[PDB]
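# sequence isn't available, so here's the structure alone:
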């Protein structure tokens, strides 16, 4: 349980940290330590960081995991749900009331920054999916976050090729391309053809003997 | 003489190389660069002979001026490999001049060097090499941008007049190698072309040329494999 | 594998009478199953000649397969399918390619057992890569050729 | 056998930490884990293997 | 009449003949695509109707004459093409 | 092709400084 | 009685063979007349594999429909007899000897249902023709007509294929002066298939075409099916489009060539020397 705190927070190996908290959690229930309550809270913190909000929600049940549940588990369950729906706005309002609980743990604090950025990216692709030649301002309203931050994020996404587009800063519009015509037939063909050029070089060397 | 000739198809490999080189210089004069380059290259591999040593320098020297005219601009690497780089050396300058596409550099270099060039059989061609340099400049101006002012182009290539740029651009479009429009009144060249090879009927053409070179290679590999066994079969072995 | 017997006694074979009776025969001998069968055959009357009464009308009936060849020669599949085939083959060809380099560099050996271990001669990259180029080429030609033929003709 | 046991124990630690390279940390825990095996060998006045 | 030879037709003529408004003619026409009485689309970006397929009204004498002359042209086409396919790859065909 | 490297290093540093003053 | 229990029909080489023979065997009764036989085979199988056929006497008029003779006795004696040898093989039905499907057929079929547990109409187009198959399969379907009287008996086509046991295939090769014809195989066969397809398509279009002329003038009925089919051709408007090529073939033969040459080099010494030995070899052989 102590190992997770260090692992998660600084190194950013959320998997490794999670596996450690789960080892404590198992051990703890058998005696029924209060420490068990704490451990369950951490597991949820680590998966939300990965941004699989689904698992965070599913694992907390009204069953067994209600006896290791707390206040933290309830703040964690809502922010995840908000992240799953792809609205930034809900997560942000929710986060204000909970902030006191978040601050005590260093693991969440660091994890929130990245999770915030992730929320913007997923929210963005959703806005971008049906649209084409959409105003940036329209996008800024849907995300409900500041215009500049949006322009910047939008650019990163183009680079990564998340939806692939071009952002026109000269007109206040974002150009969206959609549903690639890129085919696997072509892509597979590229790997093979590079290996062929190698074989011919080796063949020519042997050729010299024959001549 | 050529029109009345018939080369046997069962002539030997030295005989073919000599014939091909010599034929190659002739079609190049007529305005047929495409067959001229291929005939000269193949002669060198076909017969490595001690006769062949005297010929090789001429074949490469003539070959380079012959390529520039067809519409390919040869790369640097080719100069480096046959270790005859020095023989090739005055030629190498003429090449760097086409890739830049600037007219002014070409005329000076080609003149001083021109005296040497007379020797290979290049002199007749030499004049026509002038036009390739600009043709390469026009292809870059149209392709790269949409609209750039006519005056900017005039300065870059070093043409005599901004007026001179119009007339040359106007001819080039008719040939249809450029695929642009020049707007005389508006003061710019408009790029009508876009870079593609999947759009029109054209990916099929792209396959056609790739496949075409192959059909010849296939026929040669297969026939050649069989060829020692043909003599063994005649020698009476199964 | 068919044989004919009239079947006559053992003594007739032993004496050598049995070839006097058979005249107007050619005869033949085959062995489905060892010495025991040969002995059984000799005792009987051995293989007496079987001829066939056959002709071209009967021969034509047996020839057949499908008139349905009529629909099938023209038929070509969905374009997504054309792509599946092309992809599967190019992907396959990559795997074998790495062995191929060795193959061309070497293969001085001509002894099938030694070659097999040395340059992965058994599971050869040459045989299979050729086999692969040939399926892909033919498959693409018939599908492509049909699509175009149908277009012109129906309209 | 004990000395090799250090490298071998190290690998278990690298998986656990989820590393790809066996770090210094893996080795720290390994010496101490191997020292406990040694202690057992000595207690029993017979070899461990059977 | 017009669909068959060339696919598209204007939607403006059909609304005026109806003598009923544009916002209610579309409604019946959509219903017709749905059942399968007719197949195709209504494109309001140009206010035209693109018909993919049309039903042939049944037991009309005139239609039989119409299909016959077309059919003969197709028959020619098959024969013309067949000579070409055999010409190249004849060695391979045997 | 042509030797772009010799020319770009000298041009890029120098031209850029004048361009700073000239334009944004 | 069962005719609806067959989706697919497969025939052995035997049945196609057997029918031609029966035609003569009856005492050469033909012309206008036909010859029928029993088909013996399977049923209660979605696939119909007709095992054998044996000859039956028959006189047919197909220009009338109020006279035909069908031998009653043969069907019954043959069904009763066969159970002991094969309990699955029962009388599957009867073959008609061309040239095409008739309405004249429903009548003959009816009797066959009564006698025989099963019937099926396999139409073998006349005396030996064609490179491919000449058999079509039909099952008698009962339908309503919304203009006449419900319960009419007519024939609907079902897919015809072939198929036979291992021993039989082996027999065909022995007898025959080749093995089989085209349907798809080698590189050559696929191209033949294409040419086979064009002559075949052309035949189908003539049937429709000759019919329209006959319906328009000469007053053959107007059916919704014929008209539906024709209209679609115009509507679909297929548009020629890109793709399907490859260039790989050359590299493979080139790769094989280098190895092939190493083999010819070792071969050369023996092959070259052998030439002299052969001429001398012939003299020695003759001497001793």
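Cool, the structure landed. Residues are numbered from 1 along each chain as shown, chains lettered A, B, ... in the order given.

# so where do the helices sit in chain A?
Ranges of helices in chain A, per DSSP state H, are A:2-6, A:14-31, A:35-50, A:53-59, A:71-85, A:88-104, A:106-128, A:136-143, A:147-160, A:184-210.

# now do the stretch 151-288 of chain G
G:166-175, G:187-216, G:224-236, G:249-287 (DSSP state H, counting those that start in this stretch).

# cool, chain D as well?
Per DSSP H, chain D carries helices over the ranges D:2-17, D:24-44.

# now do the shortest one against helix D:24-44, angle only.
In this structure, helix D:2-17 runs at an angle of 130 degrees to helix D:24-44, with axes from the mean of the first three to the mean of the last three C-alpha atoms, to 10 degrees as the basis.

# what's the neighbour count on residue G:227?
21 (other C-beta atoms under 10 Å in any protein chain shown). Yep, even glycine has a C-beta here, placed from its N, CA and C like the rest.

# what of residue B:233?
Counted with other C-beta under 10 Å, residue B:233 comes out at 12.

# which element is it on?
Assigned by DSSP states H and E, residue B:233 belongs to helix B:203-234.

# re earlier: take the helices of chain D and lay them out in JSON lines including distance to chain G and mean neighbour count.
JSON lines is the format used below for those (distance: least, C-beta to the nearest C-beta, whole Å; neighbours: other C-beta atoms under 10 Å in any protein chain shown):
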{"stretch": "helix D:2-17", "distance to chain G": "43", "mean neighbour count": "14"}
{"stretch": "helix D:24-44", "distance to chain G": "48", "mean neighbour count": "12"}
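
# can you tell which of these is closest to residue C:12?
Ranking the helices of chain D by proximity to residue C:12 (C-beta to C-beta) places helix D:2-17 first, at 85.5 Å.

# would you pull up the residue in chain B closest to chain D?
residue B:77 (39.9 Å; C-beta to the nearest C-beta).

# give me the neighbour count for that residue.
There are 7 residues near residue B:77, going by other C-beta under 10 Å.

# then residue A:10?
Other residues lying near residue A:10 total 11 when counted by other C-beta under 10 Å.

# now it: how far from chain D?
13 Å (C-beta to the nearest C-beta, to the nearest Å).

# contacting residues for that residue?
residue A:110 (C-beta atoms under 8 Å, 6 or more residues apart in numbering or on different chains).

# now the residue nearest to residue B:88 when sequence neighbours are not counted: which helix or strand?
Distances taken as C-beta to C-beta, 6 or more residues apart in numbering or on different chains place residue B:79 nearest to residue B:88, at 5.1 Å, with adjacent residues excluded. Assigned by DSSP H and E, residue B:79 falls within helix B:77-80.

# going by contacts, tell me the helices and strands next to that helix.
helix B:85-100 (3 or more C-beta pairs under 8 Å, 6 or more residues apart in numbering or on different chains; DSSP states H and E).

# please identify the buried residues of the longest helix seen in chain E?
In terms of residue count, the longest helix belonging to chain E (DSSP H) is helix E:61-87. For helix E:61-87, burial by neighbour count (16 or more other C-beta atoms under 10 Å in any protein chain shown) applies to E:63-64, E:66-68, E:71, E:74, E:77-78, E:81-82, E:85.
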